[PDB]
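Quick heads-up: it's one chain on its own, the form deposited in one PDB entry, in structure tokens.
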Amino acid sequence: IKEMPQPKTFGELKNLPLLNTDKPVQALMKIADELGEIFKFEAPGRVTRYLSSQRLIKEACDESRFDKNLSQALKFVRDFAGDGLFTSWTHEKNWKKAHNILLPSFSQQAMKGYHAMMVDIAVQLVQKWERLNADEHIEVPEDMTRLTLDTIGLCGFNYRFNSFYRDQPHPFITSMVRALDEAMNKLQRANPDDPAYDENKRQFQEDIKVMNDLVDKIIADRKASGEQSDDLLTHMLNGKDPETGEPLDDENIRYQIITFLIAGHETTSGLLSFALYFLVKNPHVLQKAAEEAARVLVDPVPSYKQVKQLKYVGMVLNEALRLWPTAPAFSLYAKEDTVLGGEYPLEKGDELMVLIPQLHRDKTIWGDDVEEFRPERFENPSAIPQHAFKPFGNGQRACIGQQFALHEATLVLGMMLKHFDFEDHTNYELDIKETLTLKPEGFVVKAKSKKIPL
């Protein structure tokens, strides 16, 4: 039975001021480097424990002992993602109902059906870049977000945000981003009911209304038409949970759509942005991935099968997920009194935070080179111990979108590497901006066309 380390305290505010920062995940990583595999974090009226080691996270991932907790971050997002899959408790009837209905819509097999719509958006990204003039550069996170948002819009509910036709996001996106920013800011806001925050609350309600209005209208229009499409909204209007025999109601479908649109934004586009960052910083790795793309993508437009045979591109994406997982933490609660790692007694209800970027730098798993970008780490995945690699979270509460996110990312990166040579023309210095997600802020490149027609 061991005493848990704790970072520096601030009198009555305990550890709370350590998260008064624009880069809290990066701050928590530096604390874990100091204190090790577990530390207690106290604030007025709360305590959580940050885990960093495969040794302890493997136990945290035991679903008989720990279930998904809603972090305060998830509680603030629930104000507009409701009881969709991401912001629901496991015990809420709408979680297991939506999970049973949606799982078949998100399988590897279902990706054959979305492939043509994903190609639509990937081809718009390639044409944009083919159409840049000689002096011009690419705003990498900006264009990856254009693609990932439009891909989930079109595959989700046959809706075109037409992001590649715009400088200003679509109205829905400006409201969604400002709602997400507001939810994230409330984490650091003392005395939120202070009348100084009156204007935030009125703006928050307006943005929730914008989102509900557009999504409720797309649902009503689809039901009003009877159209059957290749999209999640068809699967949700038609589907019945085999357990309860019930369908989702229109309110819950709205929450699922809002949830997928949150995910399909900078959380997916972050993976592509980090991947391209690592590739331009590791020209030998970029060359190997470009060689695979030229070898495999022999057709004007890539096939589902051809994306599956981009094995080294998939390893590149897993290595980017290792170093900078774009959904960098998740929360758990103890189902019963239990002892973590033979050393740390927990009571029923006690919270754990999994610090994924820190798990992914466990030298006992990965060896001494943990800071190196080496996709070849992933050549034999059977060698990876249980729960060592967790960018999509854990168990029944793992990312439902994982096969979607990886198919889109492998397709797009494949096509980028087939069509263009890349230049790190600014010698970009990595600056990771933390919102809901992580991104390489200001990451810019030049793309020189290889002049291969679509």
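Rigid core (definition): largest C-alpha set, two forms, superposition within 1.5 Å. Residue numbers here begin at 1 and follow the sequence given.
Absent from the display: the form deposited in another entry. The rest refers to it.
Residue among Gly264, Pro302, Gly84, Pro375 whose Cα moves 2 Å or more between the shown form and the other one, once the rigid core is superposed:
Among the listed residues, the one whose C-alpha moves by 2 Å or more is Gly264.
Shift of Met117 between the shown form and the other one at or above 2 Å (CA, core fit):
After core superposition, the C-alpha of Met117 moves less than 2 Å between the shown form and the other one.
Taking the rigid core as reference, does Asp207 move its C-alpha 2 Å or further between the shown form and the other one?
After core superposition, the displacement of the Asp207 C-alpha between the shown form and the other one reaches the 2 Å mark, so yes.
Can we say the CA of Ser225 moves by at least 2 Å between the shown form and the other one when the core is superposed?
It does shift by 2 Å or more.
Where do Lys223 and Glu246 end up in the other entry, Cα atoms closer or farther than shown, with a change of 3 Å or more?
Note: Cα gap between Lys223 and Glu246 widens in the other entry.
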